[PDB]
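Computed from heavy atoms alone, side chains included, the values below leave out hydrogens, waters and symmetry copies. Residue numbers begin at 1 in each chain, while the letters A, B, ... track the order of the sequences.
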There are 6 protein chains.
Amino acid sequence: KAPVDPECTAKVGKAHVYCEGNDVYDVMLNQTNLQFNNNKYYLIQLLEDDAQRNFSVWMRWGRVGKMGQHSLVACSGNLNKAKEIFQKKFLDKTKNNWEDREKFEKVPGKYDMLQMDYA
Amino acid sequence: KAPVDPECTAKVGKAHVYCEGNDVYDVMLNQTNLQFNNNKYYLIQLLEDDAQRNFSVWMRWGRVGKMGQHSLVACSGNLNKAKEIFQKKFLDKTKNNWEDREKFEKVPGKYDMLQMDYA
Amino acid sequence: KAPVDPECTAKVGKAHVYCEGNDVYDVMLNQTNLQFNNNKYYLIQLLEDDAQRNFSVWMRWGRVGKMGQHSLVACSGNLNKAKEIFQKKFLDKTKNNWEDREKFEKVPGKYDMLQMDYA
Amino acid sequence: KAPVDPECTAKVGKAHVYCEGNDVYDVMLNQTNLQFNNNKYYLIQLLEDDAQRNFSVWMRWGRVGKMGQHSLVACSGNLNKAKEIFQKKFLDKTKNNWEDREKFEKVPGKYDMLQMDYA
Amino acid sequence: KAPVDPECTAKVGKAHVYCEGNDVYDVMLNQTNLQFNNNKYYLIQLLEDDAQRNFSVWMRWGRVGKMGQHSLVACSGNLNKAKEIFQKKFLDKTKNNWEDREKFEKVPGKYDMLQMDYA
Amino acid sequence: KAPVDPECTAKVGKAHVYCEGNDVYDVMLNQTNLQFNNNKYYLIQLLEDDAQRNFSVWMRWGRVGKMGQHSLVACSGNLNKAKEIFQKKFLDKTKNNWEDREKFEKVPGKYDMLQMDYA
DNA sequence: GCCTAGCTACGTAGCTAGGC
DNA sequence: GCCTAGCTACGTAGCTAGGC
DNA sequence: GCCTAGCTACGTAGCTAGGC
DNA sequence: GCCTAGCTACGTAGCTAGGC
DNA sequence: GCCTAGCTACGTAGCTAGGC
DNA sequence: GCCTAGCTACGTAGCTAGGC
Ligand SMILES: [Cl-]
Ligand SMILES: [Cl-]
Ligand SMILES: [Cl-]
Ligand SMILES: [Cl-]
Ligand SMILES: [Cl-]
Ligand SMILES: [Cl-]
């Protein structure tokens, strides 16, 4: 129900966003500063293939309104590795831990979280 | 400390974002849906002139990464009118009341709030 | 077995060259004079529709190697009219009568007959 | 009275078509097939210089309405050689012998003879 | 021996510069000021037709190295009129009288006389 | 009061035309022949620096209305050398000696002197 | 109305394949 | 009026510097 | 009328020859 | 050598005249 | 490295102002 | 080999439809 980023052409149609309990490993970050001309995003998804137990972490970032750059990190069957990478990126960019996201608190000079719409 | 939108060229340098108690009348909204190609913003600011007790509500919206369209509604000394307009726009676009923003809860098909950075 | 001129787009696929006894009403004329820069053709076909007893005379002429101009004269069920038109054109251009074509003799300043190939 | 092909710029004004008894060594061939898109010519002339007893065979061929390609075969004073070349080309292209041209009969897939106009 | 200005296309080949005693009615004036960007000429010729007693005054002026503008004043048989016009132009432009040209003295802000070469 | 040629960009603003008694070492020559298409100038100036006893001879020549070509000959403190060069150029081009310029007489095929305007 | 991605409805340089 | 040097009032190819 | 070879009535890039 | 008028050695848009 | 706003470093059509 | 119809493999002006 949370869609694989359509820009991840290697995995779209072939994989789904990883879910565990209440955790959906899918997040859009955004940092907007009107004075300093900051207006950028960072998407992070932990993807599992539809066909087998094979994980990867997809990251895409850019100036808002651009495709920017991206990176797909292969993790094989190693879920823990993929969760570390996911969680560490989230922490690098927000200074909040992923498991504390219910109490997320924006830090100055780091990205905010943005809740996306799903169909 | 929260800057007047630089796109509001009529008021920038001449006015400040209105503050009262803990209320800063300045908000950035964002709605992003990857499936349906939604990627838009809506900024709302309640502005008070630096020189006198004169209020206006500034609104700017668009596809993210664009200047889009805008509207500056003059409210004279009528603060209540400006607060109504501000609060009603916020409610139209988020389905949350402005005074309940500490407990903001994103509604499907409406905009999320985004916390901006200030200098 | 003698093909309808492919340039006769109104009748091609829908009609055939008219035959009676040994008469095939299909002829290519050519007049070539190297000194006077004459190098032209004149095709005449008497066509009968495949679907019904309906006749027409198709004529196409030009500088050799060009589509030139043409004319399709509708004759309805009147075969005699179509034969007159056919035969009169042949006579105007060769000074030989159509029924004397076995003994055709080229007249100076008139067209020669040219035997085409059929598949 | 039968003109040297004007395209034979080496011999025109300097030579004439060779004649002997009733034989005029000058012929235009044409092959036209509307279905198979054949529409070509082949001219053959046996030329004798005006100044001396010197013969050549001129050949020009092409898509009708084009200059195509050509070949002038020098035969010196050897008339017999020039007659052989002339007659052999005629036979290759029509499957009729030159001396039987009064009874010429078009062969399917070979060229017809065309009588030209002279001034 | 003093040539009619070649730019006087109406009179060149048909007329000569007028002479009387030691007077040759032909003069080139020049005013050059390096500071004020003045660099202009004024030619005056009194012309008599070769064919008859018919006079005109030809004047041509411009920035040096340009054809500039000109004027040909018809004087009929009236020599005196032509001499007045000639002499008055000379005086307007040099502040010297024509008959005093042996003692010519350049006046500041007026043209100098320039002696041309003749063939 | 006689200006340094403005085209002498190395010396203009920094030097003056050399004067001694009644001698101003500054002259414009002009040769105009309407028949032979001669219309050229030659300027000669003997320049002394404003700052010190240092002389040079500046020459500029061309088709009238053009910057043409030029040459600045350095003479150091040697005034005599500069006077020789000046006077010799004048003589080469006019066939009159510089010291006889009060009685200047134009020679056929050599340049005339032209009196310039000063401010 | 605003805007623009991307599509539509052309044009064409020069390749290619078929006649000669 | 003529003429044209050189200036004015644009346009732009592609470099460069700053966000990401 | 149709068509187009080739001609007419231009324009111009840059060479060349003559002044300086 | 410098410079440039004007000439040379092209190219071409579209007119025109002759075949059909 | 990526990208592009906007700037830099030109070129120029045609206006304008000053000589004639 | 020659030639060229017509096709292929582009490019693009500006329309259009969908987000805002
Ligand atoms: Cl074919
Ligand atoms: Cl910036
Ligand atoms: Cl010359
Ligand atoms: Cl013709
Ligand atoms: Cl000026
Ligand atoms: Cl869409």
How many angstroms lie between atom CZ of F:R60 and atom CG of F:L43, to the nearest 0.5 angstrom?
6.0 Å

Can you figure out which of H:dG19, L:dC20, J:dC20 approaches the side chain of B:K40 most closely?
L:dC20

Tell me whether the OP1 or OP2 atom of J:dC20 has a side-chain N or O from C:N38 closer than 4.0 Å.
yes

Describe, as an angle rounded to 10 degrees, how the axis at the first end of the helix from G:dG1-L:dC20 to G:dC20-L:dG1 is tilted relative to the axis at the last end, five pairs per end.
30°

For nucleotides L:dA13 and H:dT12, find the distance between their P atoms and express it as a whole number of Å.
13 Å

Taking the side chain as everything from C-beta on, heavy atoms only, tell me whether E:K40 gets closer than 4.5 Å to E:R63.
no

Look at A:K110 together with A:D92 and state whether they make a salt bridge at an N to O cut-off of under 4.0 Å.
no

From the list F:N37, F:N38, F:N39, side chain to side chain contact (heavy atoms under 4.5 Å, CB included) with F:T32 holds only for F:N39

Close N/O contacts between protein and nucleotides 2-8 of chain J (under 3.5 Å):
{"unit_1": "J:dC2", "atom_1": "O4'", "unit_2": "F:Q69", "atom_2": "NE2", "d": "3.2"}

Rounded to the nearest angstrom, tell me the gap between atom CG in E:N37 and atom P in K:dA17.
17 Å

Atom CD of A:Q31 to atom P of H:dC20: distance rounded to whole Å?
8 Å

Side-chain N or O of B:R63 versus OP1/OP2 of L:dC20: is the shortest distance under 4.0 Å?
yes

Separation between CG (C:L29) and CE (C:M113), nearest 0.5 Å, reads 7.0 Å

Can you tell me the distance, in whole Å, between the CE atom of F:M59 and the P atom of I:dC20?
17 Å

Euclidean distance, C:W58 CH2 relative to C:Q45 CD, rounded to 0.5 Å
8.5 Å

